[PDB]
Structures are given as structure tokens and as C-alpha cells.
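Residue numbers (the authors' numbering), protein chains in the order written: chain B, 1 to 107; chain F, 20 to 402, 440 to 472; chain O, 20 to 402, 440 to 472; chain A, 1 to 122.
This is the structure we're talking about:
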């Protein structure tokens, strides 16, 4: 299988800031990376697939970029509804796996 | 114990000639044409890959009017016809016909590939045509032929059956009738019951049964009434190699491959099927328009037509050209438009048959009576096939003793 | 010194007929179907390119019940069966089957090329199918056949062996059993031990051994018991020319080419492999459904079935059509979806065998006893093959002296 | 639109087996790929297995092979997950993820269940 590392594990931000989360793969996985958002009491929700494409109904303030072993998620103009937990997921092989998770909090 | 007919049947030196004038059949090569509101057929289905079964009726020689009678004693003799020569005349030019499906289940061309199919769709069906395998065959007998095919069986009741399971398979023997379908390169199976998507074989066999003659069972019959003579000739090769689309019924074992990644994370279809092709029609390979002499049959029956009845089965795919017809809806336009013309397909087929018969007589002693009664009870009573369809031929009014007045009689007199 | 059987074996004028009714086999053409939790086989593997080895058991003529006994003296005579005629009846229509791999190691098409492959990837495997070469063969004997293939050898211990080295090659002779694989156009080798990536040959031979009959060793046997009669006919040609992907085991010498630049800075693969193709199946080229008369064998053994035992080996790839089956999961939809149907593949195969046997007697003198004991010790004791699998045929209850009641007996009586 | 409904909370004893369902209610689905996820108290998300009935795919992680079975029924459009030999570390919330045929990839898991709580204790 493939192990994935997500950084950082926790960060604090204020409304209107820019937040970046880095994701690193143990092998070359091309662009087979997806980003998920999870809030307490709800199901996980997909934001970015194939490391660049934006899911329908998602604000354009979310973006993602990367390839090979390095990927990143960017959120511009943070809003009060953006405070959640974010996860990587590789889909290079049929034995999928998740990252550690990054929790965004209020400064 | 079964004895040969040469022991208890005596042959005389009287010969007769019989023949049909001409038989024609015109129709649609794929499906019948029917009225929308009604269910009565307007244009029948006439195809080059249909079994042609002719059931021929002969006069009763006991009631037949002979110029001379002293050659036999009606008090202790009975008469019967024997076949000694057959010719099947076959008109029309040589040709090859093709068939296909507008929604045939084809996924990819696997003969040569450069990219991997990593995404599945909802409907991947295509409009595909091909030409079938090449086949000629002729069978002659006094009973209708027997064919075999693959069909569904009765499952065991120990465990339940879920939707989508593989149907069980068994081999079924039936009687070949006029209008049945011959094998085209996909096998001898019931496509109606063993295929549910209706999109795996072309339109003229997708709801039919393809049957193959049961030669082994026919020649093993103790009396040998169902086959006096037979010829066969068939050939095919492979033109295209494709996949099929659908859900995977049986998974490939994990010890036959190494798993991939990226585009090859999942596996492509392993339900490969080929495209058949008959090669080429030539005049030198024809088995028709030639006379057959029935000197000595393989079985114990040596051409005696019990019950005044004959059966001839013919298949010939070497004349299967379909004609395209076009009709103009409006002729008041000087520029071509696709919507101003209508297109139709037709197929026509022509036949001729001619026979030489010999008169035989049988002495009815106690042992002979017992043997014939054990062989067939209806023969003594005369001195069943109502649920089958054959092409009926009535030769009760076409015999002549002037043997040299006909093309086949000249050859018969020439060979002897 | 080895002498012919015609010297110490006396033949009588008593003949018997034997035959099986019908043999059927239905299964999956590529791999067996097995339960996930269990290891018991649900659907066996039945393919058109498998060796069919029938082991036939005969009654002991010493204990057999003959109407007459005065023709021999049990005090000094012993009886044995001799084979004088064989027919292998073969059902089903003629067809061609195809096979392939979903992850077959193909890099490029080298028949015609216009651009150079200057970049290497991680996985370049493709979904490729083809049709195999055409082969028919029949062997008859009283001992199981012998085949040959290429396998690994024992390396020398002088130097160590690093991972990735070329395995050593040697030629190995074994006994052919029922269900083995015949050559398909890739050679007679063990694909399990000589190939490690599991992606170089199709799915039905990627973990099997392909064997070829050892005719030279079989005909050079001093006693000639393993082969009384044999027929063979095979053909193939080349359809496609490809490359292979991987690391280069052996580099091309620098004195065979001039180095390039740019796109041609590095060299492309030189591990070329072709795609086989049998051409075309015809009725005129068939070796089956014909009787064979065993007048005079090539070796010293002339059809004597020592130990009341016979072996028949059959290969026939001219009837190898695979049937596609479809089952509907839900029928409550009026629009076609790929996920509402399941696809399956099946293969069915039909056989018949019939034989004519002659009764022989042997006088047991001191010299004859010594010679037979030196030839085979078990014969005298009666008056081994437990780790092999054959298709067992039991004819201990199917003999009849009424020779003309069967299709083969009529031909036998007709030829003489 | 379409909503996935899961079964109720489960309380099991160690050594037993549990089975969870996932039914699609609205419209016609025609599922593409099915997978199961879980979250333990105070931990992250763990993938537990995927099946893709087209292409004939069925794959589970190494730590879960032999105890997890994932099944799908297309006639009723219902997914099932089976756990055998339950342990005290299997107390968690389980989520059903599904993809619909007609999308651009098999890993576009846009449909999720509400989650089912499973407690393994004595």
C-alpha cells in the first residue's frame, strides 16, 4: 500500500486569511489525489478530485495543485463555515488510504 | 435382430421419373413484415441460412394404374417405391450475404490496442455487420431429420437461485423443420433463453434456435430410415477480435496476474468473442446441380420409401445475395435529399428437384409379416407429423415411364 | 533380441465390437470456478486445446464367457485381445475459439512505425487477444504417451547466482495426462517457472506447461508398445509483430549499430514476439469421423493389448467455439444499462469411440515364457499408473459378436 | 435528490459478527463503486474496503482481510458490510460511500450515508 503524510496536524486562522495544507505521498501517484472535508456530526464531503478539479457546488476560494509526490490545498478568504477537518486520499491503487487530517481552528 | 431390406424385398425392372417444375420464394432476409394492428404476415422471412425441408408425397403403387399387371400377384404381393437417383437443381448466381445488429454489444477491439479503457459507461453498443461461415449440406431419407442444440436445464432444488446466475446447460435433440436456422459461427444454442440483453448476435438469430444435424445419432439408428444419403461441406475463419460490455459474472483468480496501478487499477473485460467469415464461393466447390446415384446405403434400409413418403433437407449459403430496392416519394425535386427516398431489402430463392424411382414387390409370409409389424405397425394397416411444418411436394400426378424424355433420365440410361 | 509378435501369437477368426454411447464435458474455457471460502471445484476447466487421454479397460478373455471353448486348450494356452479397427466420432459444429490477457506485456507495434518511443513508463500492459494455431492429432497405444518440454536445470555451484539472471534450460520428458495443454504457437515450455511477471502469455497457459509429443523417442522404443498408430496435422502463420517492456537482460553489442541522438539517444526493445494464427477450418481437412484399419504396425508390437488395457490420445482444436451467456439481474427497466446484466463463458465438447477387437491365443513354452518374463514381469503374474489422471472408459460390459448391428462393423465386413 | 439511509445502532459482544446496510431511496441510482469507511473515538478516517462490480473488483486492506465482506444488490440497490470476530477496538462509526454510473471516474464518492454506531463490549 501507499502511506500518506499530511502537514500540519493543526492550525489556527482568522476570518479572511489564506490557509495552505501540504500532502506528501510515499510513491509516485501522478495526480490521483482527492481532498475531503469533515465536520462533527456529519458525513465527509468531497471538495477536490484529481488534485486540480473542483467539485460542482464548491466555492471557487478552494484550490488544489500538485503532482508526483507533493500536493497542496489552498483556501483563500476563509469564512466561518470553512472551519473543519481536511483529509487527503490517494486512489492510485484499488487499496485506498487516507491521510492524518488537519484541523482548522479559530484564532 | 435387424436384417437388410435386400433379403425380403424384390426389385423389378420398371423405372419412373418424377420432378417439380420450379419453386420460388421471395421475402425479407431478417424479419417478417407484419401489419401493425393485425398479426397476419404480409411478407414472410426468406433467408439464405434457413433449413429447407421438403416432404414429398408419392402415389400408392397398389392403386396406381400400370399398363401391365401380370408381373405380381395381388393375392400375396405388395408394392413399394425405391429411390435410385436424385438431382437438386439450384438457380440464381453465386453470391455472399451479410447481416448485423444496430445495437450489438461490442466494447473494444482487442486485436491491437494502445490505450487502456479505465472508465465504464451506460451504453457502449455499436452498429456492426459481418458475413457468416460457408456451409452446404444435403440429406435424403424417409423420416424427418434430427438436430441438436444447447438449452437450459432443470436446476437442483437443494439451494436457491438468485437473479443473474449462470443458466444450466444441457444438450437437446429435436426434429428439424422448414425455416429453422443453421449455425453461423456462434454455436448451436437457443439465443432466446440463454441471452437476456438481446444484443449479442445479429438480428436474424437473436431470437431463434440454431441447430446442427445429429449425424452420430442418425447413423446409429438400428433400422437406418432417417438417412439414406448425405453430403456436407463447411468452412470459416476469424476476421475480428472484440470484447463485451457488462457486469463480470466470474472474477479472474488472483494468482493469474499482478495488480496494476493508475490506468490499470481495474481489469478490462475477458469475455472475448471473434467475428466469423466464410472465405470465398467458387463453382468448383459446388455440390449441387449434380446427380446422385444411390447404389448401396450405409444402413440396413437401402432406399425403400415406406408409406409413400420422402424427406429432402437442403442448406446452401453460397447463393445469398440480398437485393436493395429504392422507391421515390416525390419526384418534383432536382436536388438529392435523403428524405425523398425509401430503402428496402429482398431475397429470392429458386429450387428444382428430380428423382428416379424403381418399383419393388414384397411377399407377405408369416415371418415377414411379424418382422414388418415389429418394425412399424402402420405399414400393415395402410396396406403423427401434424405439428411440424415442411415444404410440401405433391408428385402424385407427375410420373412418366418415358425415361429418356428428361435430362436426368438420359444420364440414368447413359450410366447403364 | 526383440522379435515381432507375429511369431509367438496366433490369431483366431473371432471378432467383437465395442463402443461408448456418448461422452460430454461442459466447463469454463480459461480457469476453474471455485468457491471463495472452500477449495472444492464447482465448474471444471474445459478447453479446446487440452490433451484428451482415454484409458480403456477390457474384459479378461481367460474369464470371459464364450459360447464355444474347444478352439483352445486352457492347460497350455492363454488368450489376449488385439485391436484391428478404431473410429473416433466427433460431434459439434466446426468453429474457432480465441483467448487473451487483460494485462499482457506489449510495448509497441513494430510492423510499421513512424515515431520513436523515447520515454519509459511504469506499466504499459494492454488487453490483447488472439487465436491459436491449428492442430489435430490422434495416438493409439497400450501405454500412456510421452511428451517433452523446456524447463529449468540445476546450475553449477562454482559461481553464485544473482537475482534477475537467466534461468538455465533443459529438455524434460514426462507422461501426458488428461487435461494437459498443447502447444499454441509460443513453444513447449513451463510458463510458471520460466516467466515471473505472469503477463507474457494468455490466461489459459500462463501458469501451465505446454507439452509436445516425443515421436522420435516413442518410435525408437525396442518393443514399440507406446505407439501402434498416429496421425498429426498442424498449421499456423503470423498476424502481428510487437515488442516487450521491461529491463534489458543482455545489451546489444556496440559493433552492430551506430549511436543516435535526440529521440534515438537510447535504444528501443529488441525482444520481438509474434502473434500466432491458425488459418481456417474446413471439412475436407478433417482426420476424425473416419475409420482406421490397423493392418501392420511400424514397431514389433502389432496391436496386442497386453494387460487388457488401451490408451487413446486425442487433440482437436477445429471445434473450439466458446458460448456467451447473459443473465438479467433486474427486468423492471425499459432502458438498457450495462450494470443490469451478467456475462459468462462456457465450452462444451462431445466424444464417441468405437473399436473392433480380435481374439488371439499364445502357447506358453519355456522359451516363450522366458521371453515374455524378460519383456514384462507382470503379464505372467496376472495370468503403477495410480498418480496420473486419465479419462477412464469401462468396456467390460459392452461387447457383442453381432458385428453387422453397428455402423463400424458394417464397414469392417464390407472391406473384407 | 437521492439519499442513502443506513441501519440503526448496534451493540454486540466480542467474538460475534455484525452486518450493516445502506439503501438508496430517491430516483434510480445504477451504482458504480461501493466502499466503506469508519471513524473510531478520537481518531481519523480509515478505509475498510471497496467493490466495483463492473471490472469485477473486490479489494480490502491487509489488516482487514479475512474479517470484512462487502456486497451489493442491484435489484434493490442496497449495500451490505459484514464484520467477523469483533473486538473491543471495533467500536466506531461506519460510513457508506458510493459512486454513480455515468461519472468521470470510479473514485468520485459523492454520496455518503449518515453513519452507524457500533459498540462492541460486554
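Quick reminder that beta carbons are idealized off the backbone N, C-alpha and C, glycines included.
Residue i burial status per 10 Å Cβ neighbour count (16 or more: buried)
i: residue 43(O); result: exposed
i: residue 39(B); result: exposed
i: residue 58(B); result: exposed
i: residue 149(O); result: buried
i: residue 238(O); result: exposed
i: residue 332(F); result: buried
i: residue 185(O); result: exposed
i: residue 31(A); result: buried
i: residue 91(B); result: buried
i: residue 74(O); result: buried
i: residue 23(B); result: buried
i: residue 336(O); result: buried
i: residue 35(F); result: buried
i: residue 29(B); result: buried
i: residue 363(F); result: exposed
i: residue 284(F); result: buried
Below-8 Å beta-carbon distance, residue i vs any chain B residue
i: residue 289(F); result: no
i: residue 59(A); result: yes
i: residue 170(F); result: no
i: residue 68(A); result: no
Close beta carbons around residue i, own chain, < 6 Å, minus the five adjacent residues each side
i: residue 91(F); result: 380
i: residue 18(B); result: 76
i: residue 361(O); result: 346
i: residue 71(F); result: 333
i: residue 81(O); result: 98
Cα-Cα separation, residue i to residue j
i: residue 205(O); j: residue 229(O); result: 9 Å
i: residue 298(O); j: residue 338(O); result: 14 Å
i: residue 234(F); j: residue 86(F); result: 42 Å
i: residue 301(F); j: residue 113(F); result: 8 Å
i: residue 187(F); j: residue 105(F); result: 43 Å
i: residue 454(F); j: residue 111(O); result: 40 Å
i: residue 4(B); j: residue 281(O); result: 37 Å
i: residue 465(O); j: residue 190(O); result: 44 Å
i: residue 451(O); j: residue 469(O); result: 22 Å
i: residue 390(O); j: residue 372(O); result: 34 Å
i: residue 440(F); j: residue 223(F); result: 30 Å
i: residue 278(O); j: residue 271(O); result: 12 Å
i: residue 120(A); j: residue 94(A); result: 13 Å
Residue-level contact to chain A via CB, residue i, 8 Å cutoff
i: residue 348(O); result: yes
i: residue 356(O); result: yes
Whole-angstrom C-beta distance between residue j and residue i, which should lie under 8 Å
i: residue 207(O); j: residue 168(O); result: 5 Å
i: residue 57(A); j: residue 94(B); result: 6 Å
i: residue 101(O); j: residue 323(O); result: 5 Å
i: residue 47(A); j: residue 97(B); result: 6 Å
i: residue 67(O); j: residue 116(O); result: 5 Å
Residue-chain proximity (residue i, chain O), Cβ-Cβ < 8 Å
i: residue 286(F); result: yes
i: residue 54(A); result: yes
i: residue 83(A); result: no
8 Å Cβ shell around residue i - same chain, five flanking residues per side excluded
i: residue 1(A); result: 26 and 27
i: residue 315(O); result: 321
i: residue 96(O); result: 380, 381, 382 and 383
Sequence-distant residues of its chain with Cβ nearer than 7 Å to residue i (five each side left out)
i: residue 292(F); result: 261 and 263
i: residue 51(O); result: 60, 62, 63 and 64
i: residue 250(O); result: 156, 157 and 306
i: residue 7(A); result: 20, 21 and 116
Closer than 8 Å to chain F by CB, residue i
i: residue 147(O); result: yes
i: residue 75(A); result: yes
i: residue 32(B); result: yes
i: residue 49(B); result: no
i: residue 105(A); result: yes
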